[PDB]
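Participant: fold the following and give me the result.
(chains A and B, ligands or ions: 2)
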Amino acid sequence: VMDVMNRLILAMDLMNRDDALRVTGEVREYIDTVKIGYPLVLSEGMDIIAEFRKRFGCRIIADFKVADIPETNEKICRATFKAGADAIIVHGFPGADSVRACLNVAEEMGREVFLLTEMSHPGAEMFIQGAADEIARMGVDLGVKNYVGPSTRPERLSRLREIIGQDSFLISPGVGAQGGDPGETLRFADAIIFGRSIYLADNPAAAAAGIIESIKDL
Amino acid sequence: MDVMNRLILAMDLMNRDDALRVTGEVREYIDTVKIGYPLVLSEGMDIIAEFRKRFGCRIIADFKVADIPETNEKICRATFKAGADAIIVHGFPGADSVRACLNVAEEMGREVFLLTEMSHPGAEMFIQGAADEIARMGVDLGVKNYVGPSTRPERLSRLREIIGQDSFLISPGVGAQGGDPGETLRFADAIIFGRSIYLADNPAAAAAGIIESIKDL
Ligand SMILES: O=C1CC(=O)N([C@@H]2O[C@H](COP(=O)(O)O)[C@@H](O)[C@H]2O)C(=O)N1
Ligand SMILES: O=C1CC(=O)N([C@@H]2O[C@H](COP(=O)(O)O)[C@@H](O)[C@H]2O)C(=O)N1
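Facilitator: Numbers count the residues shown, from 1 in each chain, chains lettered A, B, ... in the order given. Ligands and ions are numbered 1, 2, ... in the order given. Structure data below:
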């Protein structure tokens, strides 16, 4: 599994290249894995991936929540990996064929798929939560090895870990700003994702070091 | 939204030159283009402004928005900044995520389209069973624009029943995926075509043919 420094992933959702670069640079000693999503990509272009690779020693996870038909999913994955992303995050709710399309491209191109099972926000309870266990089981059956699950619902995160087993890799957002607890989340997740708690801090480095101190025994 | 010939081009070519040429080749038949991630991630968000400059077409950003509210807001803002007239949002992540998009759309003078059931076989696993409830959520939220599947006319009909005749409904899955143009226009206001047009030896002839087949509609 990818070796994530300090079990910590930065969600770089600043939409300004100068700010995104500054903040990422400031926490570089603490984090070697960066999640880049559409807020930054749609503001600055896919070449932002190339710039992050050039400037930092960081793994890139493209958080594109891929959620289209198989044919379109294939194209999205090809463009994303072509740009230098190490991995891509894909939604499970559109079904097995849509996931398989992403897995197939990742296999061909030598990269990885993360499967988003349940989400961390209140709205996730309406439809996703009820499908989440089955989405995860589908992931296992498809041979998915990397997963995303919600820090805001520890009981649900625990269940997801059970389904996918101890060998699978699990990362979890919703820590800090959304109210999830780093320590409790790391009971089940391999790595935790932080956005606003770090990138909106007056001193992002101090924020990162503080989080690290809080989980040092883990 | 007045869509010329009830026809929307899904421009999912991933090369700027090809995308521009092919769109130019069918410009006389359309005035509404759906641009998605295949083109955007290959050529950048500036392509949207370029389409407006070349064609004056309206642009629907098909981004299947499916994040938490905070991120959805950012995605819509960046998308509308690029000149998109509308954005497509998934309903499956729930009401708060859709509302985030509605907010930005209102602020910038744009429209949200709610995707309720999808056209591909995998849609049967999870989406289909939630689709009616997603449509009603749209109604509750005041959504006026919807997307539903050409590949399942009975499902598309049900979606039309839920949203009412006043709502605007567009439908992909026509041609390549098996949907029929005429049958689909029984329920949808406009039909979406990607491959049947943009992979056609002669895209203009492909569009002309489609129009011929629905001319009475
Ligand atoms: O269940 C989900 C999945 C997701 O990727 N994320 C995202 O993970 C990040 C959370 O950031 P923050 O720490 O709440 O600022 C953002 O990039 C989100 O889009 C989420 O918050 N919940
Ligand atoms: O349920 C869905 C929604 C969607 O937007 N679309 C898309 O609409 C287009 C269909 O293109 P095509 O006509 O099958 O080549 C693509 O851009 C797809 O991503 C889909 O085919 N089914």
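
Participant: which ones are touching whatever residue of chain A ends up closest to ligand 1?
Facilitator: Nearest to ligand 1 in chain A, going by CB to the nearest ligand atom, is residue A:195, at a distance of 2.5 Å. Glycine gets a C-beta too; all of them are placed from N, C-alpha and C. Under the criterion of CB atoms under 8 Å, 6 or more residues apart in numbering or on different chains, the neighbours of residue A:195 are A:10, A:11, A:12, A:13, A:173, A:176, A:177.

Participant: among the residues you listed, who's most crowded?
Facilitator: residue A:173 (29 neighbours; other CB atoms under 10 Å in any protein chain shown).

Participant: get me the contact residues on chain A for ligand 2.
Facilitator: Residues of chain A that fall close to ligand 2, judged by CB under 6 Å from any ligand atom: A:68, A:69, A:72.

Participant: of the contacts of residue A:195, which belong to strands?
Facilitator: Per DSSP state E, strands hold the following members of those: A:10, A:11, A:12.

Participant: relative to helix B:69-81, how tilted is the longest strand belonging to chain A?
Facilitator: If you go by DSSP E, chain A has its longest strand at strand A:59-66. For strand A:59-66 against helix B:69-81, the angle by axes from the mean of the first three to the mean of the last three CA atoms, to 10 degrees is 80 degrees.

Participant: near chain B at all, the next helix-or-strand element following strand A:59-66?
Facilitator: Using DSSP states H and E, the helix or strand that directly follows strand A:59-66 along the chain is helix A:70-82. Yes. Contact of helix A:70-82 with chain B (CB under 8 Å from any CB of the partner chain) involves A:70, A:71, A:72, A:75, A:76, A:79, A:80.

Participant: can you list the strands that the helix or strand that comes right after helix A:70-82 pairs with?
Facilitator: Using DSSP H and E, the next helix or strand after helix A:70-82 towards the C-terminus is strand A:87-91. As defined by DSSP bridges, the strand partners of strand A:87-91 come to strand A:59-66 (parallel), strand A:112-116 (parallel).

Participant: and the first one, C-alpha only, in PDB?
Facilitator: Listed in PDB are the C-alpha atoms of strand A:59-66, where the atom choice follows Å, rounded to 0.1, in the frame of the first residue of the first chain:
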ATOM      1  CA  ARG A  59       2.100  11.600  -4.300                       C
ATOM      2  CA  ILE A  60      -1.000  12.900  -6.000                       C
ATOM      3  CA  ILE A  61      -4.600  11.600  -5.600                       C
ATOM      4  CA  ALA A  62      -7.000  13.100  -8.000                       C
ATOM      5  CA  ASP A  63     -10.300  13.400  -6.100                       C
ATOM      6  CA  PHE A  64     -12.600  13.500  -9.100                       C
ATOM      7  CA  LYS A  65     -15.400  11.400  -7.600                       C
ATOM      8  CA  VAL A  66     -15.800   9.800 -11.000                       C
END
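
Participant: and which of the contacts of residue A:195 is nearest residue A:209?
Facilitator: residue A:10 (13.3 Å; CB to CB).

Participant: tell me the contacts of the closest one?
Facilitator: Residue A:10 sits next to A:24, A:27, A:31, A:33, A:34, A:35, A:193, A:194, A:195, A:198, A:199 when contact means CB under 8 Å, 6+ apart.

Participant: equivalent analysis for residue A:131, please.
Facilitator: With contact set as CB under 8 Å, 6+ apart, residue A:131 has these partners: A:92, A:93, B:126, B:130.

Participant: repeat for residue A:122
Facilitator: B:94, B:96.

Participant: and if we set it to 7 Å?
Facilitator: Neighbour list for residue A:122: residue B:96 [criterion: CB atoms under 7 Å, 6 or more residues apart in numbering or on different chains].

Participant: against ligand 2, how distant is it?
Facilitator: Taking CB to the nearest ligand atom, to the nearest Å as the criterion, residue A:122 is separated from ligand 2 by 25 Å.

Participant: with residue A:106 instead?
Facilitator: For residue A:106 relative to ligand 2 (CB to the nearest ligand atom), the value is 19 Å.
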